[PDB]
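Listed next as structure tokens is one chain, alone, in the form deposited in one PDB entry.
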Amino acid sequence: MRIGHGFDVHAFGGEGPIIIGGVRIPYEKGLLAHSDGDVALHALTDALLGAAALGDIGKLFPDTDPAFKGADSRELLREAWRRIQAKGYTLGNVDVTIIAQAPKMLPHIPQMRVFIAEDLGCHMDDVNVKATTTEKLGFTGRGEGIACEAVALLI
């Protein structure tokens, strides 16, 4: 069994909605990024790559490479997962923590769990996503961006 950890942040910018955990969540502003800026999945991705000792998403899919511009993060999640399984690993379970003052993630978590579980080909019970606020404190507290953390256990 191997443990992995990921972390990611993206600044707000442009018009909404945002894409978090694969779900299109309506919001005033959107998120600035080379890909779709899905903070939730980038963190999950790194956590998986991390546990598999495959590095990180920024080594696998560079900002530099314009092929990744506008990239659907689920697409990136599946590839990393493809490569992870190839190295011989299987999913133990994953946990994700979105840190944002707004929008409300809560109602969207189930659909997120559906997308992720599909993408990893695991049962939803092996996928958990949760959310928290920094109580107005911080760049997140000030609504300047959204951060996310994730842990994974591969077998």
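In case it trips you up, residue 1 is the first one in the sequence shown, and so on. So that the term is clear: the rigid core is the largest set of C-alpha atoms that superpose within 1.5 Å between two forms.
Same protein, other form: the form deposited in another entry, not shown, and the subject of what follows.
Can you tell me which of these residues, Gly88, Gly121, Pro26, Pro66, is the one whose C-alpha shifts by at least 2 angstroms between this form and the one not shown after a rigid core fit?
That would be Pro66.
Quick one: in that other deposited form, is the Cα gap between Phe139 and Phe68 smaller or bigger than here? Answer closer or farther; it shifts by 3 Å or more.
Farther apart in that other deposited form, by 3 Å or more.
Over in the other structure, so in that other deposited form, do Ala67 and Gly14 pull closer or drift farther apart at the C-alpha level? The difference is 3 angstroms or more.
It is farther: in that other deposited form, the C-alpha atoms of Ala67 and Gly14 lie at least 3 Å more apart than they do here.
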